[PDB]
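Report on the following structure.
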Amino acid sequence: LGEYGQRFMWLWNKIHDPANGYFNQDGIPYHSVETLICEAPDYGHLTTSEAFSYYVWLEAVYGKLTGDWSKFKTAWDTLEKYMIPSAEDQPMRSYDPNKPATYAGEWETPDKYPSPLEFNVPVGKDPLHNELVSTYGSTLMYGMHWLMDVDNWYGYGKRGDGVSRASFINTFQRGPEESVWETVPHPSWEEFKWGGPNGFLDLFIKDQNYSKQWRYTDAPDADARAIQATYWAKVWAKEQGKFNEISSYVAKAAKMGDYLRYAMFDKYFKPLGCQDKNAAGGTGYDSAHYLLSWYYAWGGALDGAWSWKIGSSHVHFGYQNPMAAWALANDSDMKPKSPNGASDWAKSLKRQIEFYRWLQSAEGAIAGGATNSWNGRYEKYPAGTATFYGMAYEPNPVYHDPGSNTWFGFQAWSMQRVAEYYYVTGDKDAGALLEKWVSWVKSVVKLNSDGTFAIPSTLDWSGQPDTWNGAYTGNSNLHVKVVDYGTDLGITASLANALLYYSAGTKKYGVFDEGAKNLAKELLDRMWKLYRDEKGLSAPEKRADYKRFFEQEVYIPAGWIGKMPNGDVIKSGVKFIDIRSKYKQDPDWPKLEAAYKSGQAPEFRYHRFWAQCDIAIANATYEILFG
């Protein structure tokens, strides 16, 4: 009804209007309407578990503002149907929780891959498997695979069929210096139909022999977001007296949360702080860091001979979700069906909040995270390394090209979740954390006299937090610096959103931070005045990095020779574009070429699905909290 609710409805309609092309013919949201884009997915009509979780969240807000929950239901329907691997996609058997996987190291550059399996390295015990099978009577892992080829652009299809839409693929497999430009896109379902003699397997892992197999990789931040979204769909549906029709879907979130516990464990279930790849594996929860790590992954032979599961040793603050954790731990409607599910999430909630606080810089921004596997090989931490429950501080977990915490976006995305958690519970630690972070946000966000604005785009870091001992020290030697500014509309909105939940919480529990509200509303207003266009909102952005289309060599081993489904040859010396020749048919290919040849950065007005969702949600959030 209100102005900001009206704003949500307007953008929601732009998003769902088929003329604008946000979804494919099966109703799967693309990463973006535009196809020529490269940043995490390397093609715009791929999609991510991230996009799906935002789709669910968008429709949850629709339901609050509308009373109509069909939107939210069909979003979850599409999610489960397409993005979660079905029983035939992940036909797991012969799993050994006492030998969950076999170790391989991580390496500094892509040219050091394939990484050899090291069979003497002890791997710990998986304490979740038996519990989940007992609870659900199934070996199906209920989590989203992170990357999908929506309209079969790459040509691998569904389960090696080479034709079907909604094709599971993966890219990143070769360490922290493998940028989005340096991957070899390959099917999750490996039958040796494409690539080289052993498919794409021997680009990534070196083994004595190779088997046809499947494997998937979860993005825990996306799954948690879907759960967070469902929590609000739940409270909002119960408020309206329509819990029951959405109660099937709250159970989906609870089950997803139950399996999302795999993200809480070390990659190879090694004890926290072990610092030795030859150290004995964990017995149970001694290998749990209780945080949302970069991934969990699972795979198996096509014939069911063997299977494996891994957590991740790398944790980024940007992935954490105290709202989702609190909901799973404490909300009886959201309670996971397993005996220990809720209890583990209660531990995770507490550990997560400590983690945020430990990482809070002198200024207020949150630093990157930590690892239980130094250099991805369980190596000895350098002298003077700051630690968190035995895990070593890392300014940029997992990726260094570019650094994973040089993106300001994680500040907004992650602290937005903390803000919701604070608004809900009034947790003092969360409040204190937010208070300092919001103070920082105010000192750096730019409100220009002309009506424009800019938020931090790139960050840089120096120093370390103090070693964690259960109390925030102030971390006087840990420093953030804002390198440059931009007008990223998705993040701008997420930031405004976070500010509104904090501000609302302060009204409820402490002294009303009206300044946080005013700054947020300003951002949403200035952006609404400037950046509306025919498919939603967009701000011009240059992509000087797109010279890597033409200039980035993809590492392929000497003598390794293979093919992509369209016929592109994969060999030593190939460029990014050489194994993706269908890009030359893209409507925007002329524009890219023009810019590249004239030595200038190509400019785009993108409509990223998640960005448009964040925008809608942030405006609707003002209405919900202050309307």
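Labeling convention for the structure tokens: chains A, B, ... as they appear, residues from 1 per chain, ligands from 1 in order of appearance.
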Write down as a short mmCIF file (atom, residue, chain, number, x, y, z; two decimals) with C-alpha atoms, in the first residue's frame the residues belonging to region 110-358 of chain A that are assigned strand (DSSP E or B) by DSSP computed on the backbone.
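Output file part.cif is given in full below:
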data_model
loop_
_atom_site.label_atom_id
_atom_site.label_comp_id
_atom_site.auth_asym_id
_atom_site.auth_seq_id
_atom_site.Cartn_x
_atom_site.Cartn_y
_atom_site.Cartn_z
CA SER A 115 46.59 -32.26 -7.70
CA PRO A 116 47.72 -35.79 -6.83
CA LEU A 117 45.60 -37.87 -4.45
CA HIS A 145 24.50 -27.51 -6.46
CA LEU A 147 26.24 -23.68 -10.77
CA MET A 148 23.78 -24.52 -13.56
CA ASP A 149 23.87 -24.13 -17.33
CA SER A 167 22.52 -28.74 -16.90
CA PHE A 168 24.76 -29.15 -13.82
CA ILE A 169 28.29 -27.86 -14.45
CA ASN A 170 31.33 -26.69 -12.49
CA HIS A 186 32.95 -29.15 -17.23
CA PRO A 187 29.93 -31.33 -16.44
CA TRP A 189 28.06 -35.76 -14.44
CA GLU A 190 31.29 -37.18 -15.93
CA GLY A 195 37.20 -33.22 -22.84
CA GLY A 196 40.09 -35.70 -23.09
CA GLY A 199 36.93 -36.48 -19.52
CA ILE A 205 42.91 -34.59 -9.65
CA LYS A 206 45.74 -36.99 -10.52
CA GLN A 213 31.36 -40.34 -11.86
CA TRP A 214 29.21 -37.52 -10.57
CA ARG A 215 30.04 -34.79 -8.09
CA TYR A 216 28.36 -31.65 -6.77
CA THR A 217 29.44 -28.60 -4.80
CA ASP A 218 27.20 -26.66 -2.42
CA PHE A 265 33.36 -29.37 9.03
CA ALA A 288 33.87 -29.10 13.31
CA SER A 293 32.63 -22.72 5.12
CA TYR A 296 30.62 -28.84 1.02
CA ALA A 297 30.90 -31.27 -1.87
CA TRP A 298 29.88 -34.83 -2.55
CA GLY A 299 30.46 -37.34 -5.33
CA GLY A 300 30.16 -40.96 -6.37
CA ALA A 301 30.91 -43.55 -9.04
CA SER A 307 31.30 -42.26 -2.89
CA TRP A 308 32.76 -39.33 -0.96
CA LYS A 309 31.93 -36.19 1.01
CA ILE A 310 34.04 -33.19 2.00
CA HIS A 314 38.22 -22.22 4.53
CA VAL A 315 35.73 -19.83 6.13
CA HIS A 316 34.75 -16.32 4.99
#
If you count only C-alpha atoms, which residues fall within 10 Å of region 397-401 of chain A, apart from same-chain ones fewer than 4 positions away, as a ChimeraX atom specification? /A:108,175-181,293-294,313-317,368-371,375-376,393,405-406
Show me, as a list in words, the residues that have an atom within 8 Å of region 597-604 of chain A when counting only C-alpha atoms, minus same-chain residues fewer than 6 positions from it.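 Here the answer would be residues 540, 541, 542, 543, 544, 545, 546 and 591 of chain A.
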In terms of the shortest atom-to-atom distance over only C-alpha atoms, which of A:276, A:191, A:26, A:333 is closest to residue 255 (chain A)?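 Of all the options, A:333 lies closest to residue 255 (chain A).
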Excluding region 577-579 of chain A and residues on its chain fewer than 6 positions from it, collect all residues at most 10 Å away from it, counting only C-alpha atoms, and give them as a list in words. residues 154, 181, 184, 185, 548, 549, 550, 551, 552, 553, 554, 563, 564, 565, 566, 567, 568, 569, 570 and 571 of chain A
State, in Å with one decimal place, the distance from CA of residue 86 (chain A) to CA of residue 143 (chain A).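 CA of residue 86 (chain A) sits 10.2 Å away from CA of residue 143 (chain A).
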Within region 39-95 of chain A, find each residue whose DSSP state, derived from the backbone, is alpha helix (DSSP H), and express the selection as a PDB file with C-alpha atoms, in the first residue's frame.
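Saved the output as states.pdb:
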ATOM      1  CA  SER A  49      22.192 -21.302  -6.047  1.00  0.00           C
ATOM      2  CA  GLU A  50      22.663 -17.655  -4.997  1.00  0.00           C
ATOM      3  CA  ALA A  51      20.138 -16.531  -7.650  1.00  0.00           C
ATOM      4  CA  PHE A  52      17.617 -19.168  -6.523  1.00  0.00           C
ATOM      5  CA  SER A  53      17.913 -18.166  -2.856  1.00  0.00           C
ATOM      6  CA  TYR A  54      17.235 -14.538  -3.838  1.00  0.00           C
ATOM      7  CA  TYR A  55      14.246 -15.689  -5.897  1.00  0.00           C
ATOM      8  CA  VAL A  56      12.812 -17.370  -2.767  1.00  0.00           C
ATOM      9  CA  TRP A  57      13.533 -14.241  -0.684  1.00  0.00           C
ATOM     10  CA  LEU A  58      11.875 -11.922  -3.229  1.00  0.00           C
ATOM     11  CA  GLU A  59       8.670 -13.990  -3.093  1.00  0.00           C
ATOM     12  CA  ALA A  60       8.723 -14.158   0.710  1.00  0.00           C
ATOM     13  CA  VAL A  61       8.518 -10.350   0.703  1.00  0.00           C
ATOM     14  CA  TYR A  62       5.814 -10.552  -1.987  1.00  0.00           C
ATOM     15  CA  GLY A  63       3.788 -12.687   0.448  1.00  0.00           C
ATOM     16  CA  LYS A  64       4.217 -10.177   3.300  1.00  0.00           C
ATOM     17  CA  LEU A  65       3.127  -7.229   1.152  1.00  0.00           C
ATOM     18  CA  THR A  66       0.471  -9.195  -0.748  1.00  0.00           C
ATOM     19  CA  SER A  70       1.761 -19.042  -4.479  1.00  0.00           C
ATOM     20  CA  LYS A  71       4.791 -17.055  -5.730  1.00  0.00           C
ATOM     21  CA  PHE A  72       6.897 -18.327  -2.821  1.00  0.00           C
ATOM     22  CA  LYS A  73       5.595 -21.865  -3.379  1.00  0.00           C
ATOM     23  CA  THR A  74       6.442 -21.982  -7.107  1.00  0.00           C
ATOM     24  CA  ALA A  75       9.901 -20.494  -6.405  1.00  0.00           C
ATOM     25  CA  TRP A  76      10.666 -23.345  -3.993  1.00  0.00           C
ATOM     26  CA  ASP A  77       9.087 -25.814  -6.457  1.00  0.00           C
ATOM     27  CA  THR A  78      11.444 -24.688  -9.232  1.00  0.00           C
TER      28      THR A  78
END
Give me, please, the distance in Å between CA of residue 516 (chain A) and CA of residue 404 (chain A), quoted to one decimal.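 Value for the CA of residue 516 (chain A)-CA of residue 404 (chain A) distance: 26.9 Å.
When CA of residue 409 (chain A) is paired with CA of residue 482 (chain A), their separation reads 12.5 Å.
Proximity to residue 23 (chain A) was assessed for A:608, A:267, A:595, A:319 counting only C-alpha atoms; the smallest distance is recorded for A:608.
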From the options A:249, A:374, A:262, A:410, which residue's atoms come nearest to residue 391 (chain A), counting only C-alpha atoms?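 The closest residue to residue 391 (chain A) is A:374.
The smallest atom-to-atom distance between residue 502 (chain A) and any of A:272, A:415, A:537, A:530, using only C-alpha atoms, is found for A:415.
Using only C-alpha atoms for every distance, the candidate list A:513, A:246, A:239, A:125 yields A:125 as the residue closest to residue 282 (chain A).
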For region 417-420 of chain A, please output as a VMD selection string all residues within 6 Å (counting only C-alpha atoms; exclusion window: fewer than 2 positions along the same chain). chain A and resid 321 to 323 414 to 415 422 to 423 498 501 to 502
Would you mind exporting C-alpha atoms of the selected residues as a short mmCIF file (atom, residue, chain, number, x, y, z; two decimals), in the first residue's frame?
data_model
loop_
_atom_site.label_atom_id
_atom_site.label_comp_id
_atom_site.auth_asym_id
_atom_site.auth_seq_id
_atom_site.Cartn_x
_atom_site.Cartn_y
_atom_site.Cartn_z
CA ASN A 321 24.10 -16.27 8.56
CA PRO A 322 23.13 -15.85 12.23
CA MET A 323 19.48 -15.30 11.25
CA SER A 414 26.60 -10.70 5.62
CA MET A 415 25.91 -7.87 8.11
CA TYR A 422 19.75 -8.46 16.20
CA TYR A 423 16.34 -7.00 15.31
CA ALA A 498 21.20 -3.91 6.78
CA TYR A 501 17.25 -3.70 10.41
CA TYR A 502 19.95 -2.31 12.70
#
Selection: 7 Å around residue 271 (chain A), only C-alpha atoms, excl. self and same-chain fewer than 6 positions, as a VMD selection string: chain A and resid 281 to 282 286 to 287
What's around residue 506 (chain A) at 12 Å? Count only C-alpha atoms, leave out sequence neighbours fewer than 2 positions away in its own chain, and write the answer as an MDAnalysis selection string. chainID A and resid 419:420 422:428 430:432 434:435 438 499:504 508:517 625
Output C-alpha atoms for every residue in the selection just made, as a JSON list (two decimals), in the first residue's frame.
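This went into again.json:
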[["chain", "number", "residue", "atom", "x", "y", "z"],
["A", 419, "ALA", "CA", 21.12, -7.01, 11.57],
["A", 420, "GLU", "CA", 18.02, -9.21, 11.15],
["A", 422, "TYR", "CA", 19.75, -8.46, 16.20],
["A", 423, "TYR", "CA", 16.34, -7.00, 15.31],
["A", 424, "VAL", "CA", 14.74, -10.35, 16.21],
["A", 425, "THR", "CA", 16.62, -11.32, 19.40],
["A", 426, "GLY", "CA", 18.26, -8.11, 20.69],
["A", 427, "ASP", "CA", 21.51, -10.03, 21.18],
["A", 428, "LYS", "CA", 23.98, -7.64, 22.85],
["A", 430, "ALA", "CA", 25.35, -8.66, 17.67],
["A", 431, "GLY", "CA", 24.20, -5.15, 18.62],
["A", 432, "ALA", "CA", 27.71, -4.08, 19.70],
["A", 434, "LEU", "CA", 26.64, -3.77, 14.35],
["A", 435, "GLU", "CA", 26.99, -0.44, 16.19],
["A", 438, "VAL", "CA", 27.31, 1.00, 11.14],
["A", 499, "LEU", "CA", 21.02, -0.31, 8.05],
["A", 500, "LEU", "CA", 17.22, -0.49, 8.34],
["A", 501, "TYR", "CA", 17.25, -3.70, 10.41],
["A", 502, "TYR", "CA", 19.95, -2.31, 12.70],
["A", 503, "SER", "CA", 18.17, 1.03, 13.09],
["A", 504, "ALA", "CA", 14.89, -0.78, 13.78],
["A", 508, "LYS", "CA", 13.38, -1.71, 19.95],
["A", 509, "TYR", "CA", 16.29, -2.45, 22.34],
["A", 510, "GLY", "CA", 18.47, 0.67, 22.81],
["A", 511, "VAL", "CA", 18.69, 4.28, 21.64],
["A", 512, "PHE", "CA", 17.10, 4.75, 18.19],
["A", 513, "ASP", "CA", 19.82, 5.23, 15.57],
["A", 514, "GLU", "CA", 17.75, 7.51, 13.34],
["A", 515, "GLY", "CA", 20.90, 8.36, 11.35],
["A", 516, "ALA", "CA", 21.16, 4.77, 10.10],
["A", 517, "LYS", "CA", 17.54, 4.94, 8.89],
["A", 625, "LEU", "CA", 9.99, -1.69, 9.49]]
Judged by only C-alpha atoms, the minimum distance to residue 582 (chain A) among A:35, A:109, A:458, A:467 is found for A:35
Give me the region 217-282 of chain A side of the contact with region 347-364 of chain A, cut-off 12 Å, one line per residue showing its nearest atom pair and distance in Å at one decimal, counting only C-alpha atoms, sorted by chain and residue number, as CSV.
residue,atom,partner,partner_atom,distance
A:257,CA,A:348,CA,11.7
A:260,CA,A:348,CA,11.3
A:261,CA,A:348,CA,9.1
A:262,CA,A:348,CA,11.9
A:263,CA,A:348,CA,10.6
A:264,CA,A:348,CA,7.9
A:265,CA,A:348,CA,11.1
